[PDB]
Amino acid sequence: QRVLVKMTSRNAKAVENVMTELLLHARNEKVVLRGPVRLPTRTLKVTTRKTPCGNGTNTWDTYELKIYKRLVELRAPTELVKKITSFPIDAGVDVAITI
Amino acid sequence: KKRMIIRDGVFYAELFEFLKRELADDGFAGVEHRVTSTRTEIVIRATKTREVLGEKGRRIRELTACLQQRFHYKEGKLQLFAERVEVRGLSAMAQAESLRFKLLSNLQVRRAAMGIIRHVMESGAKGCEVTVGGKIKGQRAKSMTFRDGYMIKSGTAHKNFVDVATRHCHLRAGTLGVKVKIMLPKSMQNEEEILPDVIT
Amino acid sequence: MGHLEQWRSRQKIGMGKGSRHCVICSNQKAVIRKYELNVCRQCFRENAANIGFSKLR
Amino acid sequence: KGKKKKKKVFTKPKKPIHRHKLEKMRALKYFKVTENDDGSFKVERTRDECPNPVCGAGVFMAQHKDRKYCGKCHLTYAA
Amino acid sequence: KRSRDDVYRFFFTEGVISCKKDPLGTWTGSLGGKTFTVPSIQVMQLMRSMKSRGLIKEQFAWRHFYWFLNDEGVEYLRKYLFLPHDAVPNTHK
RNA sequence: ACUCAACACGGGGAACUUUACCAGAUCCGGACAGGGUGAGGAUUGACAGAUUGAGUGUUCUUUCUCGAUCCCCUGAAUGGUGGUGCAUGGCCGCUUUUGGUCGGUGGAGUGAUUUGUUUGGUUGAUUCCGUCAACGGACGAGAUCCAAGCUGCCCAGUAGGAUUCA
RNA sequence: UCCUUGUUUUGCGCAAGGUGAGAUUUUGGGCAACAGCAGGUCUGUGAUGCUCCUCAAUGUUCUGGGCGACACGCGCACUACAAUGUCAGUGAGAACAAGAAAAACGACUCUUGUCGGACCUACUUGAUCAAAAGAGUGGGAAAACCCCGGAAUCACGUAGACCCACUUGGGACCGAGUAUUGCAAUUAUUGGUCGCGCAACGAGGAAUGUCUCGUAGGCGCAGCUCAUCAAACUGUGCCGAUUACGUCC
């Protein structure tokens, strides 16, 4: 492995606060940053009939979720990673998968 | 993953539900769920705190416990909070609760309806509506509606200015619908769907 | 041993479209879902999101 | 759907219900005591216990014509 | 069905018990930290009776049950376990 | 469920389950004890044989094994894909994809009413313009939203090229 | 927007051309007022009023057996496959598509509070002799594995067979053998090879369905349901036209 921080979320304008600002700490602030960035957004798509009984003209609804995914890289910091990560914990339903 | 999301989703559903139902007449409105790593912070947003929190904290600690046994948290990985959301008029859910309570206690139709619509439009709401269906007069149901101010009903901009709520009132000789709408003076941040404006 | 061994057995084996039962109610008719391992269509999905789903299109 | 009300083909001996079959003063029928010799009372048993951990306490076996039995661990030492 | 005593000791020092609605047995705290194991139906029966006696306050949501137990509950229990208390919530805070 | 808004529809492609329906057997999931049960109590489970579709203690014979809430009797409670969709909520379909709906102030009439919302042109559109006792608003239309085509900034050790040397 | 200074009233706009990735609701969706129907649903729900039933039950019954949208002269609805020589049919060789799908279930071994396996698929073997099957090893929690996703329609200067016939066109029915799925495949469950084809059917009456451009039509794949089985439904891609752009009969 290397140090790979991934960020996943259910909406945009959530990810951007975490990534695109508040990984500031590793950016130009103290140490090197190699920044790759963002990945295929996936769609989770659940088609569902609209009538609670059997009648009608056979209408439907389609519902959707969006996933959002991000990814950034650091070249062996030796427990500066503690600092860098911990400052943004922010926004409900953003999760942070550090490797 | 695809899965982590759905976990958070189904969680948030069940959570919401159990509070909405079993905690009544406090003007329950919303929650929020979030995590900081290795904690869970769930706030609760209801008009009247002194009922929520209990006399010395019995009620809040109660809820805590309930949750922990279901979703299999340890203590100190779950903590709950209360908040007053003041300006009661500008929540659908709040006024839906209140209106329900009165109809269950054998108040009329039009009297009860009006009383809501007052308190709403005094809070500064752009317009509101209220509906009641079900029994009234006797036989063949009936539906009636009461309207004040103005509101939009199309687009996706009535899904960001108008949040609604629907509840039941269980009575003898019929169930009875009730519903309350309420268009806000504000968005969820800011946005106006039309209305071009010239700033000199 | 006797009657107890012969009562409630063949679907604590778990098989077929029996022993499903939705999370939201307990109804097992009208399809529990296997699609991304959610359950909602038995309390209908028109009634409940709060999962993050919306019709955009 | 639809429904009706009537069940009776019937008119057999139906089952009796199982009901406890009582033994009275069960301990004294097992433990046997004797004429007193040397001022010491000699206690014997007509019931011998089963050798399994579950039955290892005080729990006795049984006695039928053609078999011996243990109601605790459901076992047979056959006669 | 004498897991009674265990169940009642899970009550006292919590004030709350929860169980799924299911006919197949499972432990009704999912962890108690005393690691008891009880069926499902047995549990359900216990709290049912005490409910009718006014000692319980019942809540159902989804496919589950949330059990809170009153001021009244505390009385009944203390007499059955032959023990005084300062009170259930004061110990917890 | 029965014209259009029944008839590859009830997410209904069901071996058992699912399942309502048929033949047969089982279990209390009858809470709450006011009314009855000594140390045995009232009570639970069962090998073997027999009954039986059943090496199913269902039940009996037999004996052993166990909380005394379990057990016995009335009241009551409960559960139900039982009835009623012409008791009812919610949701959906349809009327109706058509451009429609309503009030205020002013004007005209003693008023039932009308003007605004009209003859004309124009537009998918009560969409606009012209004439004009009307003016200014609110819903529907329009707009806001989602996807597709082109493009800027961003980006690569999960995208893919160029050159050199062997 | 621009221009034709055409057309129009200077107006609202309209037609043709130009500019351009795109030219007129740019293209396809979602949303959608007021007033209603005695439309459907009590078989979606701890959504329910009043009634019915309640210990030899209309409850529970994941209990054993049968029945279910399945049982057979016959009418009707929707679907799929054909009557072949415009790829047309069995054989061969060449190129070639994108949305999407998979991960956790108290047992296990790990220490002191947690690893691995129940899901996909590759390679190799089996194969010193059919398919279907079998077995061992490895990767992937998904833009990493599968995957350079070698789809089918299609193409051929492949000297390929076939020849107008109900024929090698179509198969419906029908017998035998075998393996897998599952606790249980008997009323054949699903594959997979032999025989049955000499069973229909040779472009289809009255009448009738919905469509204006990447559309109609042809063709294939995935998701859905889910031990097993899709002629269905939902979604994505490939090959890709004819006619009209009008009227009120």
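Residue numbers (the authors' numbering), protein chains in the order written: chain L, 15 to 113; chain M, 6 to 205; chain Q, 1 to 57; chain j, 71 to 149; chain N, 7 to 99. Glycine included, C-beta positions come from ideal geometry on N, C-alpha and C.
For residue i, which of helix, strand or coil comes out of DSSP?
i: residue 27 of chain M; result: helix
i: residue 71 of chain M; result: helix
i: residue 137 of chain j; result: strand
i: residue 204 of chain M; result: coil
i: residue 171 of chain M; result: strand
i: residue 100 of chain L; result: helix
i: residue 13 of chain M; result: helix
i: residue 19 of chain M; result: helix
i: residue 98 of chain N; result: helix
i: residue 185 of chain M; result: strand
i: residue 85 of chain N; result: helix
i: residue 3 of chain Q; result: helix
i: residue 143 of chain M; result: coil
i: residue 87 of chain M; result: coil
i: residue 11 of chain L; result: Examination of residue 11 of chain L is not possible in this model, given that chain L is present from 15 through 113 alone.
i: residue 78 of chain N; result: helix
In chain Q, which residues lie with their C-beta within 8 angstroms of the C-beta of residue i?
i: residue 77 of chain L; result: 45, 49, 53, 54 and 55
i: residue 60 of chain L; result: 35, 36, 38, 45 and 53
Output the boundary residues of the alpha helix (DSSP H) element that contains residue i.
i: residue 12 of chain N; result: 10-17
i: residue 48 of chain N; result: 47-58
i: residue 125 of chain M; result: 115-128
i: residue 54 of chain M; result: 54-57
i: residue 30 of chain L; result: 29-33
Can you name the start and end residues of the beta strand (DSSP E) that residue i belongs to?
i: residue 154 of chain M; result: 148-154
i: residue 70 of chain N; result: 70-75
i: residue 46 of chain Q; result: Per DSSP, residue 46 of chain Q belongs to no beta strand (DSSP E) and is neither H nor E.
i: residue 103 of chain M; result: Segment 97-108 is the alpha helix (DSSP H) holding residue 103 of chain M; no beta strand (DSSP E) there.
i: residue 33 of chain M; result: 33-39
i: residue 65 of chain N; result: 62-67
Exposed or buried, residue i, counting other C-beta atoms within 10 Å across all chains shown (16 or more means buried)?
i: residue 7 of chain Q; result: exposed
i: residue 20 of chain M; result: buried
i: residue 51 of chain M; result: buried
i: residue 23 of chain L; result: buried
i: residue 104 of chain M; result: buried
i: residue 111 of chain N; result: Residue 111 of chain N is absent from the structure shown; chain N starts at 7 and stops at 99.
i: residue 17 of chain M; result: buried
i: residue 86 of chain N; result: exposed
i: residue 12 of chain L; result: No information on residue 12 of chain L is available, as it lies outside the stretch 15 to 113 that chain L covers here.
i: residue 111 of chain j; result: exposed
i: residue 11 of chain Q; result: exposed
i: residue 51 of chain L; result: exposed
Can you list the residues of chain M that residue i reaches, using a CB-CB cut of under 8 angstroms?
i: residue 37 of chain Q; result: 8 and 11
i: residue 74 of chain N; result: 67 and 71
Check the Cβ of residue i against every Cβ in chain Q and list those closer than 9 angstroms, keeping chain order.
i: residue 95 of chain N; result: Residues of chain Q passing the Cβ test: none, with the nearest at roughly 31 angstroms.
i: residue 90 of chain N; result: Here the premise fails: no neighbours, minimum Cβ distance about 41 angstroms.
Give the interface partners of residue i over in chain N, defined as CB-CB distance under 8 angstroms, in chain order.
i: residue 70 of chain M; result: 20, 21 and 22
i: residue 26 of chain Q; result: 27 and 69
Find the residues of chain L that neighbour residue i, judging by a C-beta separation of less than 7 angstroms, and give them in chain order.
i: residue 39 of chain M; result: 106
i: residue 42 of chain M; result: 103
What in chain M is Cβ-close to residue i, meaning under 7 angstroms?
i: residue 109 of chain L; result: 9
- Message: Check whether the stretch 85-100 of chain M and the stretch 174-193 of chain M touch, using three or more Cβ-Cβ pairs below 8 angstroms as the test.
- Response: yes
> How about the stretch 30-50 of chain M and the stretch 78-91 of chain j: do they share at least three Cβ pairs that are nearer than 8 angstroms?
Replying inline: no
Contact between the stretch 44-52 of chain Q and the stretch 161-170 of chain M: three or more CB pairs below 8 angstroms?
-> no
Worksheet item: Does the pairing of the stretch 35-54 of chain L with the stretch 65-79 of chain L give three or more beta-carbon distances under 8 angstroms?
Response: no
Between the stretch 70-89 of chain N and the stretch 17-29 of chain N, are three or more C-beta pairs nearer than 8 angstroms? yes
- Three or more beta-carbon pairs under 8 angstroms between the stretch 130-149 of chain j and the stretch 115-122 of chain j, yes or no? yes
Please determine if the stretch 26-44 of chain N and the stretch 35-43 of chain M are in contact, where contact requires at least 3 C-beta pairs separated by less than 8 angstroms.
no
task: Give a yes or no on contact between the stretch 119-130 of chain M and the stretch 81-89 of chain M, applying the rule of three or more CB pairs nearer than 8 angstroms.
output: no
Next on the checklist: I'd like to know if the stretch 6-22 of chain Q and the stretch 173-189 of chain M are in contact, where contact means that at least 3 CB-CB pairs between them fall below 8 angstroms.
Outcome noted: no
Could you tell me whether the stretch 100-115 of chain M touches the stretch 163-174 of chain M, using the rule of 3 or more Cβ pairs below 8 angstroms?
yes
Could you tell me whether the stretch 85-99 of chain N touches the stretch 45-64 of chain M, where touching means 3 or more Cβ pairs closer than 8 angstroms? yes
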